[PDB]
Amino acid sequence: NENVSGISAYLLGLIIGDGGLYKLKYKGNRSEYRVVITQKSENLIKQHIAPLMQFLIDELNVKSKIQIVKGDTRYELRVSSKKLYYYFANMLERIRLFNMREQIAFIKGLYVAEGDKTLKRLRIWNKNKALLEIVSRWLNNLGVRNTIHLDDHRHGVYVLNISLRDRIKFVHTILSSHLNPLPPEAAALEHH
């Protein structure tokens, strides 16, 4: 479980990108702790994401179930679990200390969430500049050059652009790495 640290970082990438970590207060004084990943495709959630999360749940001995909730515009993968909530939230605080394998898992997960998925250009969008700057250093250390600029003035959304000059390096070494789960498209490219 060099392997659940990997699956974890991958899942954290999807969570940070397309989901969230929610601590809720209710009447009264009831509460709830949620780990959420949302996504349009129901089979992507059920076939590629949910089984990774389930593996993690079993390893951590989390007794919560994986819920799949249908919304009008997206499916929601949801785990209601205080333990899993803090497991991911602490990991998120220690993100700058990720070892190399975790960095790749995380970047891969973040790319599935927010990346340019035509792969004609290699781009990641986010309003969290500090998060993108952490990914920028990780990429540079991996020999993948990149820039960051404000790409949407209306919403404060930055873009991280990966130089097409390191396209093969990025796609083969980060996205297609077999040290942790392969994202779709990348796995499909390998099998053709």
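Heads up, when I say rigid core I mean the largest set of C-alphas that superpose within 1.5 Å between the two forms. Sequential numbering from 1, following the sequence displayed.
Quiz item: Is the larger C-alpha RMS shift in 5 other deposited structures of this protein, relative to this form with the rigid core superposed, found in 120-128 or in 49-57?
Solution: Once the cores are fitted, 120-128 deviates more in 5 other deposited structures of this protein.
Quiz item: Which stretch is more displaced from the shown form in 5 other deposited structures of this protein, 86-94 or 110-118, with RMS over structures and residues of Cα positions after a rigid core fit?
Solution: This comes out as 110-118, the stretch further from the shown form in 5 other deposited structures of this protein.
Quiz item: Can you tell me which stretch has the higher mean Cα B-factor, 148-156 or 62-70?
Solution: Result: 148-156.
Quiz item: Taking only the CA atoms, which stretch has the higher mean B-factor in the record, 160-168 or 48-56?
Solution: Stretch with the greater average CA B-factor: 160-168.
Practice problem: Name the residue from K108, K82, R78, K120 with the greatest C-alpha temperature factor listed in the entry. | Solution: Max CA B-factor in the entry, restricted to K108, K82, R78, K120: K120.
Quiz prompt | Record-listed C-alpha B factor of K25: chain third | solution = Its C-alpha B-factor belongs to the middle third of this chain's values.
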